[PDB]
């Protein structure tokens, strides 16, 4: 009968998730989350994420935050899971990507190809670096190709940052405004020298993470060493400088 | 049964809209405003507006103000959605375009092109400037090609304004009457000098926004520095000067 089939599938599906490493608390979480999706559809999607190197705990995070991932037609989801694997986002590297950019399974693959193409041939990033860029700065997939090129150029030419330190610092996730604000302030304060020609400065510049990753309060207390009120005025002055060509 | 399938179909579109970003009573606003259109037509029209870079809140505003947008065919809407994306209007900056000019979709394809062609080849605006003109001044599509050319000529030749300052000040949104009224008053008062030949004046002229964007009261108090009664007479004198020849 149909009622008995559904109970045997639920048992098969519960048993498969227990074997995959899911807790009983997580299995109920996942069963409550599925907005009318099949039990097999819930399982086929979890299996793809497990095949992508994700553990059972992060799988519950991505699916609770983004339940629309269960609505994905599975065969197209597998085809995208394969595209992302050869792109280097396997071995659980897609954990950070799904949290910020869950659209990656819905996106057009030529739009993803355009972003990797811009980074590899126009910004001269190696394949290993492009994979790390996508892993740590998923926002670059949503970024315009022009804006993203200018943002890269600012680090390489204006700031004098070599390709590895751009990737390691996760520079491309931040806004050009935040980047310009903090870099130009330090430059004019004398706390940031542009390295040239051998990539050397008189005094070593602060680390990219201590400039961008850190809070405005921490940036001003430890790196810039100025008052808060002074930087607020600087932001207004710089905004006007940009507005006027 | 048919009654149960309609309730399950309604639950799918309501779930899809909740996953997109819409929340609480903003999902119910989309279904109540509908004037006999299909259920898929509501999601097909809204899906193109989210793809154009609009957020869920202004999508409820543009469709409540202009419900006729749901009556548009999806295939003809996609054609114009693609035309506007290459024109630079899409990818987010289309909030104040449809709010002020809701007849843009129903308009003739060639009448939009004639207005774009006039700006690029006859007024010598760059593609980036033309895109900014249409975003801030959507009323230029409703205007006549002759009136719009003369309005541009007035700024470039009569007032001596270079192409960037015309675009930045949002000059083309105002009426030629308002423009002539305020420019000629200041010119005859001696508070506006025409720049030539190097684009320089003895004293710098007031800013285009302080002339046009500002209220009649503020224009007269800060820029023109005359009484209200005096400008009312000026408007009547100038109206008569225009009427003759």
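Within the stretch A:117-124, is there a residue that is away from chain B (no Cβ under 14 Å), closer than 19 Å to residue B:16 by Cβ and buried (at least 16 other Cβ atoms within 10 Å of the Cβ)? Explain how you work it out, then say what you get.
Of the residues in the stretch A:117-124, the ones away from chain B (no Cβ under 14 Å) are A:117-124.
Still in the running and closer than 19 Å to residue B:16 by Cβ: none.
No, every residue in the stretch A:117-124 fails to be away from chain B (no Cβ under 14 Å), closer than 19 Å to residue B:16 by Cβ and buried (at least 16 other Cβ atoms within 10 Å of the Cβ).
Out of A:213, A:182, A:222, A:240, which single residue is out of contact with any helix residue (DSSP H, G or I) (no Cβ under 6 Å at 6 or more places or on another chain) and surrounded by 13 or more Cβ atoms within 10 Å (Cβ to Cβ)? Please lay out each step first, then the result.
Values: A:182 fails: out of contact with any helix residue (DSSP H, G or I) (no Cβ under 6 Å at 6 or more places or on another chain); A:222 fails: surrounded by 13 or more Cβ atoms within 10 Å (Cβ to Cβ); A:240 fails: surrounded by 13 or more Cβ atoms within 10 Å (Cβ to Cβ).
Matching residue, one of A:213, A:182, A:222, A:240: A:213.
What's the number of the only condition in (1) in a helix (DSSP H, G or I); (2) within 14 Å of chain B (Cβ to nearest Cβ); (3) under 14 Å from the mean Cα position of the chain (by Cα) that residue A:143 fails to meet?
Answer for residue A:143: the failing condition is (1).
Check the stretch A:147-157 and report whether any residue there is in a loop (DSSP other than H, G, I, E, B) and either more than 24 Å from residue A:98 (Cα to Cα) or out of contact with any strand residue (DSSP E or B) (no Cβ under 9 Å at 6 or more places or on another chain) (or both). If you could, list the steps in order and put the result at the bottom.
Here is the first cut: in the stretch A:147-157, the ones in a loop (DSSP other than H, G, I, E, B) are none.
No: zero hits.
Take the residues in the stretch A:79-90 that are farther than 15 Å from residue A:54 by Cα, assigned to a helix (DSSP H, G or I) and touching a residue at least 24 places away in the same chain (Cβ under 8 Å); name whichever of them is nearest to the other protein chains (Cβ to nearest Cβ).
Initial filter on the stretch A:79-90 (farther than 15 Å from residue A:54 by Cα): A:79-80, A:83, A:86-87.
From what's left, assigned to a helix (DSSP H, G or I): A:79-80, A:83, A:86.
Next, from what is left, pick out any that are touching a residue at least 24 places away in the same chain (Cβ under 8 Å): A:80, A:83.
Details: A:80: 18, A:83: 21 Å.
Selected residue: A:80.
Applying the selection to the stretch A:190-217, what residues are without any contact (Cβ under 8 Å) to a residue 12 or more places away in the chain and farther than 21 Å from residue A:176 by Cβ? Quick ask: steps written out before the conclusion?
From the stretch A:190-217, those without any contact (Cβ under 8 Å) to a residue 12 or more places away in the chain are A:190, A:197-198, A:200-204, A:214-215, A:217; that's our starting set.
Passing the criteria: A:190, A:197, A:198, A:200, A:201, A:202, A:203, A:204, A:217.
Return the total of residues in the stretch B:161-179 being outside any helix (DSSP H, G or I), crowded, with 18+ Cβ neighbours inside 10 Å and either within 14 Å of chain A (Cβ to nearest Cβ) or out of contact with any helix residue (DSSP H, G or I) (no Cβ under 8 Å at 6 or more places or on another chain) (or both). Spell out the reasoning first.
Looking only at the stretch B:161-179, we keep the residues that are outside any helix (DSSP H, G or I), and these are B:161-162, B:169-170, B:174-175.
Among the residues that remain, those that are also crowded, with 18+ Cβ neighbours inside 10 Å are: B:161, B:169, B:174.
Cutting the leftovers down to either within 14 Å of chain A (Cβ to nearest Cβ) or out of contact with any helix residue (DSSP H, G or I) (no Cβ under 8 Å at 6 or more places or on another chain) (or both) gives us B:169.
Residues in the stretch B:161-179 being outside any helix (DSSP H, G or I), crowded, with 18+ Cβ neighbours inside 10 Å and either within 14 Å of chain A (Cβ to nearest Cβ) or out of contact with any helix residue (DSSP H, G or I) (no Cβ under 8 Å at 6 or more places or on another chain) (or both): 1 in total.
Just give me the residues in the stretch A:50-59 being surrounded by fewer than 20 Cβ atoms within 10 Å (Cβ to Cβ) and in a helix (DSSP H, G or I), in sequence order.
Once the filter is applied, which keeps residues that are surrounded by fewer than 20 Cβ atoms within 10 Å (Cβ to Cβ) and in a helix (DSSP H, G or I), the stretch A:50-59 yields A:50, A:51, A:56, A:57, A:58.
Here are some conditions: (1) part of a loop (DSSP other than H, G, I, E, B); (2) away from every other protein chain (no Cβ under 14 Å). Residue B:69 meets all but one. Which one does it not meet?
The one condition residue B:69 does not meet is (1).
Quick one: which of B:76, B:5 is part of a helix (DSSP H, G or I) and within 14 Å of another protein chain (Cβ to nearest Cβ)? Working first, answer last.
On the way: B:76 fails: within 14 Å of another protein chain (Cβ to nearest Cβ).
Unique residue meeting the criteria: B:5.
Looking only at the stretch B:20-33, decide whether some residue is part of a helix (DSSP H, G or I), surrounded by 15 or more Cβ atoms within 10 Å (Cβ to Cβ), in contact with a helix residue (DSSP H, G or I) (Cβ under 9 Å, 6 or more places away or on another chain) and within 14 Å of chain A (Cβ to nearest Cβ).
yes
Does residue A:107 satisfy the criteria of being under 25 Å from residue B:16 (Cβ atoms) and more than 14 Å from chain B (Cβ to nearest Cβ)? Don't jump to the end; show me each part of the working.
Working: under 25 Å from residue B:16 (Cβ atoms): yes; more than 14 Å from chain B (Cβ to nearest Cβ): no.
When the stated conditions are applied, residue A:107 does not pass them.
State whether the residues of the stretch A:40-49 include one that is within 18 Å of residue A:97 (Cα to Cα) and either within 14 Å of chain B (Cβ to nearest Cβ) or not in a helix (DSSP H, G or I) (or both).
No, every residue in the stretch A:40-49 fails to be within 18 Å of residue A:97 (Cα to Cα) and either within 14 Å of chain B (Cβ to nearest Cβ) or not in a helix (DSSP H, G or I) (or both).
I'm trying to understand the selection: among the residues of the stretch B:91-127, which are within 17 Å of the chain's Cα centre (by Cα) and either touching a residue at least 60 places away in the same chain (Cβ under 8 Å) or on the phi > 0 side of the Ramachandran plot (or both)?
B:91, B:92
Reconstructed Cβ throughout: ideal geometry from the backbone, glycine too, with neighbour counts over all protein chains shown. Throughout, read-outs are computed from the coordinates displayed, never taken from laboratory work.
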